[PDB]
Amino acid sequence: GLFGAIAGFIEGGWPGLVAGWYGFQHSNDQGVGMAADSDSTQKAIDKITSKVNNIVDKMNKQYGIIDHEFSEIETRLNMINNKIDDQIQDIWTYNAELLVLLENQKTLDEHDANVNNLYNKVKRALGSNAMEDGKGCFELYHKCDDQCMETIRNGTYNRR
C-alpha cells in the first residue's frame, strides 16, 4: 500500500495484539511478548472516531419527496417532477457511495502510515545500535532486557 508497511514489508498482522492497532514485539533472554503502543493507537482512534462523526453529521440530512398526484392533462408536469426526484436520488446516492469509497482508501492508508511512522521513530532512536532485518524487526547489537526494551517502547532509549 501507499506507505509500504501494512501487508507490505511487514508482511502480516499479529493476532496476539489485542489491545490496539499498532504495537511492539520484543525477544530477549526473558522471553517473547507483544503489547500495543498506546500513544499511536489512541491518536489514531480519535482521528477515525472524528471522521466517522463528521461523516454522519454531514450526511444525515434528509431530502423530502412527496408523491404528488397529477391529472390526465399534467403529464409534462408529472415527467418534470420525476426528473427532479430521480436526479436528487442519483446525485445523493453518488455522493454517499463515493465519499465512503474514497474515505475508506484514506483510512486504510492512514493506518499504514501510522505503522510506518512508528517504525521509523524506533529506527531513529536505535541509530546504529541495531540493524533492520527488513521485515519490521530491529536486531539489537547489544543485550537488551525488559527494562531496556521498555526504554525503546516509551521513547527514552539511550544511544539514539
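In this text, residue numbers run from 1 along the sequence as written.
- When 150-158 is weighed against 4-12, 150-158 comes out higher, by mean CA B-factor as recorded in the entry.
- Taking the PDB entry as given, 39-47 carries the higher mean Cα B factor of the two stretches 97-105 and 39-47.
- Of all the options 53, 27, 117, 62, the entry's greatest CA B-factor is assigned to 27.
- Residue-level temperature factors show residue 122 in the middle third of its chain, judged at the C-alpha atom.
- Split the chain's modelled residues into thirds by C-alpha temperature factor. Residue 110 is in the lowest one.
- Residue 66 sits in the middle third of its chain by CA B factor, as recorded in the PDB entry.
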